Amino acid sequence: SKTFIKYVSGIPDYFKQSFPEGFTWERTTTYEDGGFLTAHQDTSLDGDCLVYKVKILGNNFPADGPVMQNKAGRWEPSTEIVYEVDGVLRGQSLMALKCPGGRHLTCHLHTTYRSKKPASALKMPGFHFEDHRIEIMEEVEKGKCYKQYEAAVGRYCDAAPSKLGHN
């Protein structure tokens, strides 16, 4: 849901620039214990309301693993690297489930974001980081009903600055 990002330090916003047409994204997430979760998404703007259409194919999750056992815990915050390739944006991140009792199960996200505008109509951002805080705040039911919050920030590596003027 990449329309909701706070970009700092003047980093251009590929997602907000893509409206009113919108954008798509595509991703495979590879889990360290062998699972794969692949998705394709379309984002459109219908009047004042954003509309998401998502297709998912997941496979090879181990029967004895946290995912198929529904013993996943909660996501740690994560940081994505985002950069231009082939006139579109690529993203990659490492995410980690903090499982009950302390072990982390990690995964690697491989994403392409595709504006519906031609690249010539867009100011492309340089290489930067996108922090994502994802919290499943309410398990209303099962199984069946969930409330999820996200905060996201697009930024450079400010904590360890360049001695040469690089971002």
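One rule holds for the numbers: they count along the sequence shown, beginning at 1.
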{"property": "Comparing 116-124 with 136-144, the one whose average Cα B-factor in the PDB entry is higher", "result": "136-144"}
{"property": "Which of 97-105 and 39-47 has higher mean CA B factor, as the PDB entry lists it", "result": "97-105"}
{"property": "Residue 85 - Cα temperature factor, lowest/middle/highest third of chain", "result": "highest"}
{"property": "Cα B factor band for residue 59 (lowest, middle or highest third within the chain)", "result": "lowest"}
